[PDB]
Protein chains: 2
Amino acid sequence: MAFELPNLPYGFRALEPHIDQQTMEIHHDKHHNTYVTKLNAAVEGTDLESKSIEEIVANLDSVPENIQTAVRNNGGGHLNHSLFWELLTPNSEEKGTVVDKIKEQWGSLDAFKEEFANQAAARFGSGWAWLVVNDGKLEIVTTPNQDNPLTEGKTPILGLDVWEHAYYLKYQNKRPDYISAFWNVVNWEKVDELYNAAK
Amino acid sequence: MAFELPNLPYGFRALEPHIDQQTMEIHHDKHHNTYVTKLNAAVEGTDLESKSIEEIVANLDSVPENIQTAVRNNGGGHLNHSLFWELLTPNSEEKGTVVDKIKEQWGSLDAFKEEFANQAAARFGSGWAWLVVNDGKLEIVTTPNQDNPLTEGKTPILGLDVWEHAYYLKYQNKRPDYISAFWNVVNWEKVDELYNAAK
Ligand SMILES: [Mn+2]
Ligand SMILES: [Mn+2]
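Cut-off values and rules
- Residues numbered from 1 in each chain as written, not as in the entry; some residues may be left out.
- Chains lettered and ligands numbered in written order.
- Heavy atoms only, no water.
- UniProt positions renumbered as here; feature names shortened; annotations may be inferred.
- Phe/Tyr/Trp six-rings, centres within 6.5 Å; stacked < 30°, edge-to-face > 60°.
- Helix = DSSP H or I, 4+ residues; strand = E, 2+ residues; numbered from the N terminus.
- Buried < 20%, exposed > 50% of the residue type's maximum accessible area, 1.4 Å probe, protein only.
- Donors = N, O, S within 2.8 Å, 3.2 Å for Na, K, Ca; no water.
- Contact = heavy atoms within 4.5 Å.
- Least-squares fit on C-alpha atoms.
- Domains from an automatic or database assignment.
- Buried area = accessible area lost by both parts, 1.4 Å probe.
- Salt bridge = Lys/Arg side-chain N within 4 Å of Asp/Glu carboxyl O.
- Polar contact = N/O pair within 3.5 Å; in protein donor to acceptor, adjacent residues only side chain to side chain.

- The name given to chain A in the PDB entry is manganese superoxide dismutase, and the organism recorded there is Staphylococcus equorum.
- Looking at chain A in UniProt, the text filed under Catalytic activity (unreviewed entry) is "2 superoxide + 2 H(+) = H2O2 + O2".

Shown next, in the form of structure tokens:
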């Protein structure tokens, strides 16, 4: 069926001890796969079936009424996880075009991490924390559920899943320890690629 | 500080093998306790501090603007978990005034379980599934995050936490297996008590 579940760029253990193998397997093979399944079921036989997931999520207001929510939720899930897997790496190095821009705007990388971590922690319920480019400038935003900033005309360049499935097996309630661990596995080359592509 | 974390009516292992000890401990000692902490911080020095949690949640529109969300979220968390612990038991028996009413209205207890389970499963993101009394009649509804039907003038008589923290350690993504397990630990005497109190 139309959309497909992308492979991880790395093995399921790749991100230990920051994110456990069991979570990487369930999160990818089960959670992300379910979004794909339900997205395909929603769009089957529609003009949407053949669009890129980015163009669908960017333009949710153009979706037929009877599948607006299914597409928002499962289309968003598909997009958000596809970005997430590419944004993680076992060989992270905190350097590059966006890291240099973060240091210029926030003053240091720690000051950016603090704001991101605290916005991430403050997202009540399920959702995501993002670094976005909005009209050429960097901003930190959060979204509920599987909503994505593309829908509001902001390009995501880094995202962190703060649904409890993303962290509960290893960290339980300690979302801030998960958030802290995430910095060790950020693919800043991917961030810089997404930043360069931004419209 | 004003509101207090209620004790469980039973021990932390009480609900095994349907809900694991580790989840009961974290869920109560950490998640629920945090709602109490943050609720107290929001209401400290306000006229709200001395109200019952029910009257606060029932009347969220009367909360001062600058703490509306903190009270909705943490007040709701406090109420919802306080109800939840009382609604579980190691000695459940599917009988009573509400079970007889469920069989009359749905036709069987399985038909009610099906609807409840599927509404519970369909609640996207974090939230709760409820059996409520609305103007004397039973209805199944779900709410996001820590919202509670009392706010909309419906009295909850059974609730199931479908935040992933409630089920992830034992069931991971298999929310429906958690939902199915929950039936074994429902305190229908408490349900009948809440039903009898309803205004
Ligand atoms: Mn996720
Ligand atoms: Mn909970």
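Still more ground to cover, so stick around.
### Some thoughts on the packing of aromatic side chains
Part 1 of the argument: Summed over all chains, the structure comprises 28 aromatic pairs over all chains.
Part 2 of the argument: Seen in terms of ring centroids, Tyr35(A) and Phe124(B) are 6.1 Å apart; in terms of plane orientation they differ by 70°. Their pairing is edge-to-face. Of this pair, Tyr35(A) sits in helix α1 (residues 21-43) while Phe124(B) is found in the loop between α5 (109-122) and β1 (127-134), placing the two residues in two different chains.
Part 3 of the argument: Looking at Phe124(B), the relative accessible area reads 23%, which means it is partly exposed.

### Considering the coordination of the manganese ion (ligand 2)
Residues and elements named next belong to chain B.
Part 1 of the argument: Every protein donor of the manganese ion (ligand 2) is accounted for by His27 (NE2), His81 (NE2), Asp161 (OD) and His165 (NE2), and the metal-donor separations fall at 2.0 to 2.2 Å.
Part 2 of the argument: Positions of the donor residues of the manganese ion (ligand 2), expressed as sequence spacing, correspond to H-x53-H-x79-D-x3-H. Taken together, the residues span a long stretch of sequence, with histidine 81 in helix α3 (residues 68-86) and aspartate 161 in strand β3 (residues 155-161) at a distance of 80 residues.

### A few points about the UniProt feature "binding site: Mn(2+)" (unreviewed entry) in chain A
Part 1 of the argument: On the UniProt side, "binding site: Mn(2+)" (unreviewed entry) is annotated at positions that read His27(A), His81(A), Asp161(A) and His165(A) here. These annotated residues cover 139 residues of sequence, and their C-alpha atoms lie no more than 12.6 Å from one another, placing them together at a single site.
Part 2 of the argument: By the secondary structure assignment, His27(A) is in helix α1.
Part 3 of the argument: Among the residues examined, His27(A) registers a relative accessible area of 2% and is labelled buried.
Part 4 of the argument: Relative to the helices and strands, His165(A) resides in the loop between β3 (155-161) and α6 (168-171).
Part 5 of the argument: Contacts of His165(A), omitting those with residues within four sequence positions, involve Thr23(A), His27(A), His31(A), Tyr35(A), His81(A), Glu164(B) and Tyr168(B).

### Things to note about the relation of the copies chain A and chain B
Part 1 of the argument: Mapping chain A onto chain B leaves a residual RMSD of 0.0 Å; the transformation is a rotation of 180° accompanied by 0.0 Å of translation along its axis. Classification of the inter-copy transformation places it as that of a two-fold axis.
Part 2 of the argument: An overlap of 100% is found between the interface residues of chain A and their copies at the interface of chain B, pointing to a shared contact surface.

### Things to note about the domain arrangement of chain A
Residues and elements named next belong to chain A.
Part 1 of the argument: The domains assigned to chain A are domain 1 (20-89) and domain 2 (90-199).
Part 2 of the argument: Here the C-alpha centroids of domain 1 and domain 2 sit 19 Å apart.
Part 3 of the argument: Surface buried jointly by domain 1 and domain 2 totals about 2200 Å² across both partners, of which 60% is contributed by carbon and sulfur atoms.
Part 4 of the argument: It is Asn80, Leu87 and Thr89 that lose the most area in domain 1 upon contact with domain 2, and together they represent 34% of the buried surface on that side.
Part 5 of the argument: The interface formed by domain 1 and domain 2 includes one salt bridge.
Part 6 of the argument: Across the salt bridge formed by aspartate 147 and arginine 72, the nearest N and O atoms sit 2.8 Å from each other.
Part 7 of the argument: Counting across the domain 1 and domain 2 interface gives eleven residue pairs in polar contact.
Part 8 of the argument: For the side of domain 1 that touches domain 2, the secondary-structure elements that each account for two or more residues are α1, α2 (53-58) and α3 (68-86).

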